[PDB]
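One chain comes next, on its own, written as structure tokens: the form deposited in one PDB entry.
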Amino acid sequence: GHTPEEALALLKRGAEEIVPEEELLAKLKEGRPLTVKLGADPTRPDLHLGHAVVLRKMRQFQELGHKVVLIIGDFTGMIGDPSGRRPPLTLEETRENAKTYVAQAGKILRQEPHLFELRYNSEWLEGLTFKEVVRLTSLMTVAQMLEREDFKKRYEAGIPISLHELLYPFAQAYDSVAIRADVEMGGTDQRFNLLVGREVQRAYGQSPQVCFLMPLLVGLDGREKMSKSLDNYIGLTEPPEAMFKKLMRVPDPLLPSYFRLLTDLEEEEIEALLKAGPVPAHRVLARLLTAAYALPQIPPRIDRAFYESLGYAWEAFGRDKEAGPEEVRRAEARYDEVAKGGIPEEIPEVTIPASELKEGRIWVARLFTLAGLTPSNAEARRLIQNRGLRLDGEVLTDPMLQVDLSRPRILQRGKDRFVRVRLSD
């Protein structure tokens, strides 16, 4: 139901760069399903909303009739860094992690075969001969390859670059040859390797792939890209209660990009939400995405129609807190209840064996560590000095307190981490 020009315009929204854009228009006019490549690193199988930026653009390709080929990078996943300057995965860890990745990616991507194929690049890379590897690497010079920013910066700074790292752009580029990619997806940070793909496809007599680059989502800290290692992320499989709370804590300046990169709202609708204020805009964002990722798969369009289909009223601009799917309504209620200093209805339970007692009690610092709220008794003590711990809703001021557990106690660390502890022989 879209002309090629309409399809290009839909696809352009949110993108940092489509290159060459005119080539994508030509491919869209061929009236055939385009092969849309995404390489996935099996060593990092847990997806977050940052990964969803590219994956939802791929879903849009699929809704337009194009075919995702998801390439698990098990070849390099099983080699890793053989020098040491992440460890290598076993064949079992590789299929396990691939399974996790595909399961989470399927919360976004269509899975019908005509729209989706899973491949493992070991299928074709394991057999690539030395001679073919030499001829592949001859396609670029040393100076050309050192232009990539992490090579240039490390080299000029005296930080080691393993020479095998110069082979990996060619493996990724060969993956494009192996599947005859029409488009390769990536974040902006993959631009160089995607361009190498074009060069390698030309050398193999193929049409060079369009490189389709999405911006990187910034994390909850407000400065750095969302990433697992920076602990600033929102995972696609986090419980609705936690996803909703994290989305309410997205720094205000990031709201436009979250709406543009994670929903399909029109720019006029986004502006209308921001005019209602930052907290209203947050509630709408959190409801949309918490709902979408609570489903087994996000809808084809996370848009105003989807919002109203959940039971919310657009013209209420966040005030209609009692509507929505039960999972979302409850999550939002918990957020507000915790905000005004209340204790939520359901909190995690940790049963503590009687063997942990000492003179019939448990030192409060060690109790928090046993409950999993603190990593050490020393840290529990420091948090008490900083008024960061509560017991039964009272701020702890005595770091020597010995806690009576003859009835369950409610422990709290910071703003919203609660554990109810009770004794059990």
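Take the two forms, find the largest set of C-alpha atoms that superpose within 1.5 Å, and that set is the rigid core. When you see a residue number, it is the position in the sequence shown, counting from 1.
Unmodelled stretch separating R85 from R86: 1 to 3 residues (count of deposited-sequence residues without coordinates). In this entry, 221-229 has the higher mean Cα B-factor, the comparison being between 221-229 and 180-188. Of the two segments examined, 146-154 and 341-349, it is 341-349 that shows the higher average Cα temperature factor in the deposited entry.
Across the options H51, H66, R361, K27, the residue with the most elevated CA B-factor in the record is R361. Comparing C-alpha B-factors across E267, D252, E238, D175 in the deposited entry, the largest value falls on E267. In this PDB entry, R287 carries a Cα temperature factor that places it within the middle third of its chain's modelled residues. Ranked against the other modelled residues of its chain, the C-alpha B-factor of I71 as given in the entry falls in the lowest third.
Among the modelled residues of its chain, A371 has a C-alpha B-factor that falls in the highest third according to the deposited record.
In the deposited entry, the Cα temperature factor of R59 sits in the bottom third of values across the chain's modelled residues.
In this PDB entry, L405 carries a Cα temperature factor that places it within the highest third of its chain's modelled residues.
Note that the form deposited in another entry isn't included here; everything after this is about it.
Considering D252, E149, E271, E308, one residue stands apart with a C-alpha shift of at least 2 Å between this form and the one not shown following superposition on the core, and it is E149. After superposition on the rigid core, displacement of the C-alpha of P296 between this form and the one not shown stays below 2 Å. Comparing the forms between this form and the one not shown, the C-alpha position of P160 differs by 2 angstroms or more, with the core used for superposition.
A displacement of less than 2 angstroms separates the C-alpha positions of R319 between this form and the one not shown, with the rigid core held in common.
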